[PDB]
Amino acid sequence: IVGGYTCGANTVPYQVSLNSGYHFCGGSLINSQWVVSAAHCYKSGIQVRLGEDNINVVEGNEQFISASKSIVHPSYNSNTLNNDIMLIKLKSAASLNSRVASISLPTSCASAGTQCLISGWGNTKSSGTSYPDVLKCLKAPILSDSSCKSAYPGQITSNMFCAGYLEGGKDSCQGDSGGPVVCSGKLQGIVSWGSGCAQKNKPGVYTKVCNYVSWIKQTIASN
Ligand SMILES: NC(=[NH2+])c1ccc2[nH]c(-c3cc([C@@H](CC(=O)[O-])C(=O)[O-])cc(Br)c3[O-])nc2c1
Ligand SMILES: [Ca+2]
Ligand SMILES: [Cl-]
């Protein structure tokens, strides 16, 4: 997260860290056994780390659970990143409490101007790499579809939306992929891509979760 602030320990209880010997992507806990992340974060050997604040120190509240299976959306296109969503089923259910809790899926899509909270352990530099130990937060609004398409002509599908600041300076970045975009207590987006990080007129692009609620429910119901 570039231009964000320290969230504060366990103030984002649905945030998870996907780990393979190091933190490589974020995710959101949606129930005690399932996590939603981005398809481009897929790899084998994933350990899901819940209740984290400092990812380099065991401070208490952490729950490390292996993923039993990862389900990348069948229509995921790695070239366009269209349908960049994946579901991860945990080997055992997580113990939910105040520090580890699930986030609700939306019942409707959000409008432009909605303010959302984006969090993660991704790079904090737009020009260089600096990875933080604790979780960073950023409040960002959803932009209009016209501003988004104007910024990324020909690259935005109906399953994506832009959120951020056209002036640059505040944005999600590499390492934040797969993490949550929460607006009014509902998971509306998944950190997906962007051109560089926090560049002027190049806002972040997110997977539009409201387009996938039935798919998520049907897939969880059959696995
Ligand atoms: N500007 C943003 N809002 C943004 C958001 C998520 C991103 N995720 C990534 C991302 C980038 C890589 C690098 C690979 C590298 O430099 O080593 C790449 O360009 O392909 C890899 C992953 Br996986 C990302 O999620 N860039 C991102 C940029
Ligand atoms: Ca820790
Ligand atoms: Cl277009």
Side-chain angles (χ1 to χ4, degrees), residues 1-20 22-31 34-43 46-55 62 67 70 72-73 76 81 84-88 90 94 99-106 110 114-124 129-142 159-164 170-183 185-194 197-198 203-210 212 216:
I1 300 289
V2 177
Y5 58 95
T6 298
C7 303
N10 308 102
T11 53
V12 189
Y14 49 86
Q15 171 85 226
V16 320
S17 168
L18 299 188
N19 186 283
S20 53
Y22 56 103
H23 166 83
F24 64 89
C25 272
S28 300
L29 184 68
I30 55 168
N31 60 50
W34 294 85
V35 165
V36 183
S37 183
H40 79 263
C41 285
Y42 173 88
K43 66 164 62 178
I46 295 176
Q47 181 177 61
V48 175
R49 295 190 170 197
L50 305 91
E52 288 280 18
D53 183 34
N54 182 322
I55 52 163
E62 292 92 343
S70 297
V72 167
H73 191 279
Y76 166 60
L81 285 189
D84 193 9
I85 181 171
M86 164 177 79
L87 290 171
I88 303 180
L90 302 182
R99 281 80 83 231
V100 177
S102 50
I103 184 64
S104 297
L105 290 177
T114 294
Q115 206 72 27
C116 309
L117 181 72
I118 308 176
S119 48
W121 290 275
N123 189 9
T124 58
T129 45
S130 203
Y131 293 98
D133 290 314
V134 302
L135 190 68
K136 301 290 182 174
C137 280
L138 175 66
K139 285 165 166 164
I142 294 185
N159 300 307
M160 305 173 187
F161 65 87
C162 291
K170 304 190 195 67
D171 191 14
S172 50
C173 197
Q174 181 179 23
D176 294 318
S177 295
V181 179
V182 175
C183 323
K186 306 292 181 177
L187 180 67
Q188 291 287 182
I190 299 170
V191 179
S192 182
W193 59 280
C197 305
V205 188
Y206 306 86
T207 302
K208 193 171 181 172
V209 177
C210 63
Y212 301 95
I216 291 168

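One is the number of the first residue; the rest follow in order along the sequence. The figures here come from the full heavy-atom set of this structure, side chains too, leaving out hydrogens, waters and symmetry mates.
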Notebook entry, point to check: Can you tell me how far SG of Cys137 sits from CD1 of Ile1, rounded to the nearest 0.5 angstrom?
Noted result: 7.5 Å
Margin query: With a 4.5 Å cut-off on side-chain heavy atoms, are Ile216 and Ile85 touching?
Written below: yes
Notebook entry, point to check: Which value, rounded to the nearest 0.5 Å, describes the distance between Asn10 atom CG and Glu52 atom CD?
Noted result: 9.0 Å
Notebook entry, point to check: Do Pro141 and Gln115 come close enough that some side-chain heavy atom pair is under 4.5 Å?
Noted result: yes
Notebook entry, point to check: For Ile103 and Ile30, what are the C-alpha separation, side-chain angles and deciding distance, and is it a side-chain contact (heavy atoms from CB on, under 4.5 Å)?
Noted result: CA-CA 5 Å; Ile103 184 64; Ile30 55 168; 4.3 Å; yes
Next item on the list: List the steps, then state whether side-chain contact (heavy atoms from CB on, under 4.5 Å) holds for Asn19 with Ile55.
Entry: CA-CA 10 Å; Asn19 186 283; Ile55 52 163; over 6 Å; no
Next item on the list: Start with the C-alpha gap between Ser172 and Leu138, add the side-chain angles, then the distance that decides, and say whether side-chain contact (heavy atoms from CB on, under 4.5 Å) holds.
Entry: CA-CA 8 Å; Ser172 50; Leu138 175 66; 5.9 Å; no
Check: Hey, are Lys136 and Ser119 close enough side-chain-wise for a donor-acceptor pair under 3.5 Å?
Finding: no
Next item on the list: Heavy atoms only: give me the nearest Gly122-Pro132 pair and the separation to one decimal.
Entry: O-CD, 3.2 Å
Checklist line | Over all atoms of both residues, closest heavy-atom pair of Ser70 and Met86 | finding: CB-SD, 4.1 Å
Notebook entry, point to check: What is the minimum heavy-atom distance between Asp171 and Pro203, and which atoms define it?
Noted result: OD1-C, 4.4 Å
Checklist line | Student check: side-chain heavy atoms of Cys116 and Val182 closer than 4.5 Å | finding: no
Note to self: Measuring from atom CG of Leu90 to atom CG of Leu50, what distance do you get when rounded to the nearest 0.5 angstrom?
What the structure shows: 6.5 Å
Check: Which atom names give the shortest non-hydrogen contact between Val35 and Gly27, and what distance separates them?
Finding: CG1-CA, 4.2 Å
Next item on the list: Measure the SG-CG distance between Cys210 and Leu187 for me, rounded to the nearest 0.5 Å.
Entry: 10.5 Å
Next item on the list: For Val2 and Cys197, work out which heavy atoms get closest and say how close.
Entry: CG2-CB, 4.2 Å
Margin query: Just to verify, what does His73 make a ring-ring contact (aromatic ring centres under 6.0 Å, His included) with, not counting sequence neighbours?
Written below: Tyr212, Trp215
Next item on the list: Output the distance between atom OH (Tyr206) and atom OG (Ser177), rounded to the nearest 0.5 Å.
Entry: 9.5 Å
Item checked: Over all atoms of both residues, closest heavy-atom pair of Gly179 and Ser28 -> C-OG, 4.4 Å
Note to self: Are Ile88 and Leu18 packed together at the side-chain level, in the sense that at least one heavy-atom pair is separated by less than 4.5 angstrom?
What the structure shows: yes
Margin query: Treating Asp84 as the side-chain partner and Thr207 as the backbone partner, does any N or O pair qualify as donor plus acceptor under 3.5 Å?
Written below: no
Item checked: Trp121 CH2 to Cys7 SG distance, which is reported to the nearest 0.5 Å -> 8.5 Å
Check: Taking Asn123 for the side chain and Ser130 for the main chain, is one N or O donor matched with an acceptor at less than 3.5 Å?
Finding: yes
Notebook entry, point to check: Is there a donor-acceptor contact under 3.5 Å linking the side chains of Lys43 and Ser20?
Noted result: yes
Next item on the list: Would you check if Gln15 and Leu135 make a side-chain contact, meaning some heavy-atom pair closer than 4.5 Å?
Entry: yes
